[PDB]
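Working notes, beginning with the structure itself.
Chains as they are written, first to last, in this note's numbering: chain A, 0 to 89; chain B, 0 to 89.
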């Protein structure tokens, strides 16, 4: 639950474009036209996941082997979670 | 690059089954028959990735909204990386 303000501009301005698009795909606020993302833009840490590489000694056909197995963690894509409004300026 | 021994048994024994199967699917050690995973079974941390939830103030159709956007991180599946041998007992 750690928080962090990120400065506006390119990245956040494309988060707003993203947010408006995916909202229009449900559409039941009508058809919205993206304008701008204003301060403050907040970033909450909701998880920390570790990727692992297992190293095993394995008997197969009663021969011994060294196998390495990854359990990689993937940064997936952006998904719009909530979209409510209108709201007062912060 | 942090290391950790994990005790053998169910989980590691299924990592060895996994490792032998996915090896047979390239097959060019022939056809191997899984027997057992022995100590020590090692676990290396190869990454730490955080999932995020962005909270934005967005003007759309000159109305202000509160949008929340997740950038979830996914624990993907196991992939056999390397498989060499035979080797001496450790």
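By construction, the Cβ of each residue, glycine as well, lies at the ideal position given by its N, Cα and C atoms.
For residue 42 of chain A, the three-state secondary structure derived from DSSP is strand.
The contact set of residue 68 of chain B on chain A, defined by CB atoms closer than 8 Å, consists of 14, 17, 18, 77, 78, 79, 80 in chain order.
The straight-line gap separating the alpha-carbon atoms of residue 52 of chain A and residue 5 of chain A is approximately 33 Å.
Shown in chain order are the members of the region 40 to 58 of chain B whose Cβ falls below 9 Å from a Cβ of chain A: 40, 41, 42, 43, 44, 45, 46, 47, 48, 49, 50, 51, 52, 53, 54, 55, 56, 57, 58. The Cβ atoms of residue 11 of chain A and residue 14 of chain B do not sit closer than 8 Å to each other. Within the DSSP bridge table, the entry for residue 58 of chain B names A/35, B/63 as partners.
Closest in alpha carbon position to residue 39 of chain A, among B/38, B/48, B/64, B/71, is B/64. Looking at A/73, A/1, A/18, the one whose alpha-carbon comes closest to that of residue 58 of chain B is A/18.
Within the DSSP bridge table, the entry for residue 52 of chain B names A/43, B/69 as partners.
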